[PDB]
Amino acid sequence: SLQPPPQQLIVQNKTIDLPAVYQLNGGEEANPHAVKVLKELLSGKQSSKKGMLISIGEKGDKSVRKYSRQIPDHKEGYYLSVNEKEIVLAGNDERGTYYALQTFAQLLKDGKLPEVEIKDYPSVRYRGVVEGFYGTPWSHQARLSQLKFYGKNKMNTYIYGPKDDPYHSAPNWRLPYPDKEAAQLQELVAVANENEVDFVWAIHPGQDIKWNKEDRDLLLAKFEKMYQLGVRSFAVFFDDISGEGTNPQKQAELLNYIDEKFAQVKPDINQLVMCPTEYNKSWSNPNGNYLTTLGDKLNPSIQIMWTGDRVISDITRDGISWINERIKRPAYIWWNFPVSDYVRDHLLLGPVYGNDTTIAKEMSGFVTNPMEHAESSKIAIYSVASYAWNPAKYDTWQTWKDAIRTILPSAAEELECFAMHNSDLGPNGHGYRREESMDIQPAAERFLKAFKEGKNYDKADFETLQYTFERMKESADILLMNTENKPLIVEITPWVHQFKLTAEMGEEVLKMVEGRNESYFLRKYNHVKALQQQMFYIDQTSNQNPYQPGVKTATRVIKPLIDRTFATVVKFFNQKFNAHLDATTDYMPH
């Protein structure tokens, strides 16, 4: 696969060997970030003056003069070619050249390259991640890892805005970062730059902002401090606030002032972005003037963010048309998936789907708001990178599989198994849901239907359930022990324990269905109760946050099926043996 998939690809069914001996043409004039990647791939392979030509450069460079007609006339666009005669890596701009190298790195398969001609560019101008959730902000190390992941996947945007950073939100938005954090932010900016990512620093001042000179200057002074740390893109967020800070005329005036006195004054500022107080259709007043005021008054270069029809929603043609009409520019999408900050006891590891794939022209930008679990979020982030670069060719399931295989190549099938059953959010105040456990859902439905009305189940279904529980245990134990991405395993570990126990309870409940005799059934029954108590202990010891504490897993299909089957066979046993066993399914000490 190539991820994201390029706009145009012609494959010749030959392959060649990576030289071997090579002449590098343009390494002194091309994007240093791209040349660095190229030289790492060519490591210990000898440059000379005869032997295979490799030309690298940006449109306008001497090295790629011969290829100027093939270089797409798009921002971040590139032309790549591999044949017998030569290799060409030619960006329309410096970032384009870096992107050619990221595709080239994926083509190279143990010393071999396919013979290809690629013409490529993004459909959406700004693509990336807003760290913009409530909860424990991402660690320094996580963020460093994220930035490298973004470059590899051609995301050009990282918006720093954790709701619970005191120097981002109120009241200490007015204060400069202490030295330690300031130095960390400086290093993030440097790393972002190396990976061709725009570090966008957001401020969230609206809960206690006064519309006076004091707070204006404090804000601009903070932006100046961030500038000194290397920050060249900026945002002001007015989401999830009440009070005078919600005044659209004043917001517009503040943003225009920042634009006019700062964004348009510095030698080298890039994005200026704002998130409105009315940030989705349901939170908007169609009879109020809020969004039309922003649309009319905000300077045309300023971006305006949007989460869709609801706080949590997927982006539709009709939804984006509605906002675009009011804000008088293409919305810069803030997509609230996989963010789990309102369903904190769940991991959301399923595919990225639901967003219209034909509306690239109607958005300025598309960023994902991820989980507080940084590594876990890479499944979705990789998919959003693919979707935003090439929406027309976006393939939900293939990209999910490619994401997982990239993140954990040593145990991809185990991670697929875990992720497929850790997808849904459960019921929530936002009404947002995802599919989960789809493959076994008909087998489950048929198995359980057979019980509630009469009987009896198909053997192949009982066996599918059995196969699933077995596979869930292999997956749980192998992931726990995996050392390729330790940060990821640390993140998911509590859920992995709960997932293993779910599978064991499943196996035990299915032995109760097969109930050969009274005492065997009681042995299984007692084992299930013990497994229920073990799940209860994890739910009360792990992930004990103030909001949705604990650890839920395989909640959509698997846990309901196990629990219902348990209750059913206990019912039957109690009839058959005139017994009074407890049929309840969650352990309660009180």
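So that the term is clear: the rigid core is the largest set of C-alpha atoms that superpose within 1.5 Å between two forms. Start at 1 and count along the sequence shown; that's the residue number.
S.K.: Do the Cα atoms of 164 to 172 or those of 444 to 452 sit farther, on average, from the shown form in 7 other deposited structures of this protein after fitting on the core?
M.R.: Higher average C-alpha offset in 7 other deposited structures of this protein goes to 444 to 452.
S.K.: Out of 278 to 286 and 495 to 503, which one drifts farther from the shown form in 7 other deposited structures of this protein in terms of CA positions, with the fit done on the rigid core?
M.R.: Higher average C-alpha offset in 7 other deposited structures of this protein goes to 278 to 286.
S.K.: Looking at the other compared entries that model residues on both sides of it, is residue 62 unmodelled in at least a third of them?
M.R.: Residue status for residue 62: no gap in any other entry.
S.K.: Is residue 44 without coordinates in at least a third of the other compared PDB entries of this protein that model the residues flanking it?
M.R.: In at least a third of the other entries, residue 44 has no coordinates.
S.K.: Which has the higher mean CA temperature factor in the PDB entry, 322 to 330 or 385 to 393?
M.R.: Comparing averages over the C-alpha atoms only gives 322 to 330.
S.K.: Higher mean Cα B-factor in the deposited model: 576 to 584 or 563 to 571?
M.R.: On average, C-alpha B-factors are higher across 576 to 584.
S.K.: Looking at 555, 70, 526, 534, which has the highest CA B-factor as recorded?
M.R.: It is 70.
S.K.: Choose from 154, 148, 446, 174 the residue with the greatest Cα B-factor as stated in the PDB record.
M.R.: Among 154, 148, 446, 174, the highest C-alpha B-factor in the entry belongs to 446.
S.K.: Ranking every modelled residue in this chain by its Cα temperature factor as given in the entry, which third contains residue 589?
M.R.: Highest third of the chain for residue 589's C-alpha B-factor.
S.K.: Is residue 266 in the lowest, middle or highest third of its chain when residues are ranked by C-alpha B-factor?
M.R.: Its C-alpha B-factor belongs to the middle third of this chain's values.
S.K.: Consider only the C-alpha atoms of the modelled residues in this chain, order them by B-factor as the entry records it, and name the third containing residue 341: lowest, middle or highest.
M.R.: Lowest third.
S.K.: Ranked by Cα temperature factor within the chain, is residue 85 in the lowest third, the middle third or the highest third?
M.R.: Within its chain, residue 85 is a highest-third residue by C-alpha B-factor, going by the deposited values.
S.K.: If you rank every modelled residue in this chain by C-alpha B factor, which third holds residue 433: lowest, middle or highest?
M.R.: CA B-factor rank for residue 433: middle third.
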